[PDB]
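Notes follow once the structure below has been shown.
First the proteins, then the strands, lettered A, B, ... as listed; each starts at 1. For ligands, and for the atoms within them, numbers begin at 1 and follow the listed sequence.
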Amino acid sequence: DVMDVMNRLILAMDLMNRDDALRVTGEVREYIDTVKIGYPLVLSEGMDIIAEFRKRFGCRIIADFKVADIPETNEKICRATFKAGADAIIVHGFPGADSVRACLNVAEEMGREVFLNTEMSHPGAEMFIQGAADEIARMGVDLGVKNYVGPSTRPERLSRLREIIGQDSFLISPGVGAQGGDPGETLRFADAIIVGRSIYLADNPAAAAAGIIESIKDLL
Amino acid sequence: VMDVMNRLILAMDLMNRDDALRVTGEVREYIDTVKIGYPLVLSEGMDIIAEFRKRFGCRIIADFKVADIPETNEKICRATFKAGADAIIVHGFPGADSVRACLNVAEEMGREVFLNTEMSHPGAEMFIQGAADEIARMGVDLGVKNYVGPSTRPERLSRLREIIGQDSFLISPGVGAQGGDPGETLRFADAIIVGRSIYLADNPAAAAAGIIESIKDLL
Ligand SMILES: O=c1cnn([C@@H]2O[C@H](COP(=O)(O)O)[C@@H](O)[C@H]2O)c(=O)[nH]1
Ligand SMILES: O=c1cnn([C@@H]2O[C@H](COP(=O)(O)O)[C@@H](O)[C@H]2O)c(=O)[nH]1
């Protein structure tokens with residue numbers, strides 16, 4: 001019983017202008033039904049943008065807020081985020097189990113999902129995150145987390161994450177395209193890929209999305 | 001370093017504009033520095049920063065625990081400074097590139113970065129504590145001048161002060177509701193952050209005045 005992402009492709013909509021964000025999302029709407037919205041767009045245009053996306057596209061919204069505070073603050077962040085209409089929120093595991101549990105509680109209260117970020121995809125992740133990543137994944141399993149995020153840029157690490165969480169858990173993966181990750185290789189392990197700049201900075205975002213999907217058509 | 005009145009920073013985590021403004025107004029004679037985080041910002045919008053600047057003579061620290069990849073961190077910092085925040089708080093666990101991205105924007109934009117080195121809640125023991133000394137040392141190497149460390153662990157706060165040196169600026173949450181003591185915390189931190197002990201009080205002004213009275217010899 002997991003999220004069903006059209007074409008295994010999640011748009012990372014990190015444009016910071018409302019008109020551009022709506023236009024570009026509109027251009028690729030035939031290809032997706034899931035949009036990841038983060039702080040670049042929300043802090044520039046307000047949390048009301050989430051409801052607007054739902055009104056215009058009916059798409060699922062994952063709030064990529066990298067939640068990383070103490071439990072009582074995490075609870076408030078999740079509540080405000082779900083009140084705005086997000087279907088799911090992404091939370092860091094590095095701050096520990098109590099901080100993750102706070103998010104799980106609010107998600108269960110409001111009919112939403114928590115995604116646990118286990119290993120980030122950028123070079124700096126090697127310094128502290130990578131050494132904790134397997135343990136963070138096991139912590140997710142212990143807590144009953146069913147949704148995870150891991151790195152397209154390190155398919156061996158993404159594979160290990162998939163091993164830890166099992167085939168039943170849901171796994172999404174950013175770092176495809178601009179950061180160097182490959183769509184098809186990433187989908188060997190992840191249920192869905194997250195793609196931002198490769199699509200939203202493209203001269204023709206629709207063609208960019210279509211091209212990515214063409215490259216993975218055998219993977220559905 | 002920023003000159004924090006009474007060594008006391010209000011953590012304004014009420015989620016309703018009217019309540020947040022009322023409480024902040026009530027304690028304005030005691031503070032000139034307010035920490036605004038996502039509970040309030042996600043409820044009322046980034047224009048809440050503008051509103052606080054208009055209503056109060058307060059510096060604004062945006063406690064956004066910035067914790068993304070460098071390119072996204074840059075965007076978050078730009079949006080936050082554009083809205084009028086004096087400073088932003090960032091995490092170090094995502095690594096040096098992620099911190100450097102924030103520092104670069106702050107330098108370009110004439111604002112400040114605070115690095116959170118060790119959080120004050122129990123879960124911090126699992127992963128954060130073991131990385132904290134290195135995160136602090138990384139901050140020093142990167143040129144970070146402003147830091148956050150935990151009131152709830154005096155021994156850890158003392159070690160973090162040692163690492164960053166006496167010239168760095170250190171603020172510390174976990175005072176009051178989380179169990180930290182104002183006076184003991186100020187042995188090491190330049191200023192204490194206080195939220196619920198003030199903002200949930202029947203009389204927030206009396207609560208702030210009481211905390212200040214308890215540390216008067218340190219002012
Ligand atoms: O470990 C990571 C790496 N990137 N991202 C996010 O995924 C998107 C990647 O976008 P991109 O395709 O433009 O690189 C951005 O929103 C970035 O913050 C994560 O959530 N986790
Ligand atoms: O390690 C920590 C612990 N708490 N906080 C923040 O400081 C405030 C503590 O508020 P309190 O006095 O109500 O506990 C809240 O905004 C919390 O998110 C931090 O930034 N870092």
For [atom], what is the nearest protein heavy atom, given as residue, atom name and distance?
atom                    : value
atom 9 (C) of ligand 2  : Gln178(B) NE2, 3.6 Å
atom 16 (O) of ligand 2 : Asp13(B) OD2, 2.6 Å
atom 2 (C) of ligand 2  : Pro173(B) CG, 3.4 Å

(message) Using the ring centroid of each side chain, check whether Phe128(A) and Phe127(B) are separated by less than 6.0 Å.
(response)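 No.
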
(request) Assert yes or no for the condition that the ring centre distance of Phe94(A) to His92(A) is strictly below 6.0 Å. (result)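 Centroid separation for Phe94(A) and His92(A): 6.0 Å or greater.
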
Is any NZ, NE, NH1 or NH2 atom of the basic residue among [X] and [Y] found under 4.0 Å from an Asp or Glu carboxylate oxygen of the other?
X         : Y         : value
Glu156(A) : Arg160(A) : no
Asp64(A)  : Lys66(A)  : yes
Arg101(A) : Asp98(A)  : no

Look only at interatomic distance and state if [X] has a nitrogen or oxygen under 3.5 Å from any nitrogen or oxygen of ligand 1.
X         : answer
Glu119(A) : no
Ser121(A) : yes
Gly196(A) : yes
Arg197(A) : yes

Does [X] reach ligand 2, in the sense of a heavy atom lying below 4.0 Å from it?
X         : answer
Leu200(B) : no
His121(B) : no
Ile70(A)  : yes

Can you list the ligand 2 atoms lying under 4.0 Å from a non-hydrogen atom of [X]?
X         : result
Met119(B) : 1 (O)
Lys65(B)  : 19 (C), 20 (O), 21 (N)
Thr73(A)  : 15 (C), 17 (C), 18 (O)
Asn116(B) : 21 (N)

(message) Applying a heavy-atom cut-off of 4.0 Å, say which part of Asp64(A) lies close to ligand 1: side chain, backbone, both or neither.
(response)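 It is the side chain that touches ligand 1; the backbone stays farther off.
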
(message) Just to be sure I read this right, does ligand 1 sit under 4.0 Å from the backbone of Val176(A), its side chain, both, or neither, counting only heavy atoms?
(response)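 Just the backbone.
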
(request) May I ask you to check whether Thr185(B) and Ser151(B) show a side-chain donor-acceptor distance below 3.5 Å? (result)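 Yes, a side-chain donor-acceptor pair sits under 3.5 Å.
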
(request) Keeping the roles fixed (side chain from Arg157(A), backbone from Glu119(A)), state whether a donor-acceptor pair exists under 3.5 Å. (result)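 No.
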
(request) Return yes if some donor-acceptor pair links the side-chain N/O of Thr152(B) with the main-chain N/O of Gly180(B) below 3.5 Å, else return no. (result)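 Answer holds: no.
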
(request) Compare all side-chain heavy atoms of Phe169(B) with those of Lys145(B) and state whether any distance is below 4.5 angstrom. (result)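 No, their side chains stay 4.5 Å or more apart.
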
(message) Do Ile164(A) and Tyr148(A) have side chains that approach each other closer than 4.5 Å (heavy atoms only, starting at C-beta)?
(response)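 A side-chain contact is absent here, since even the closest heavy-atom pair is not under 4.5 Å.
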
(message) Heavy-atom contact check, 4.0 Å cutoff: does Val149(A) meet ligand 1?
(response)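 In this structure, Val149(A) fails to qualify as a contact of ligand 1 - no heavy atom is under 4.0 Å.
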
(message) Once you measure the plane-to-plane angle for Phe64(B) and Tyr38(B), does it fall in the parallel (<30°), tilted (30-60°) or perpendicular (>60°) bin?
(response)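 It falls in the parallel class, under 30°.
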
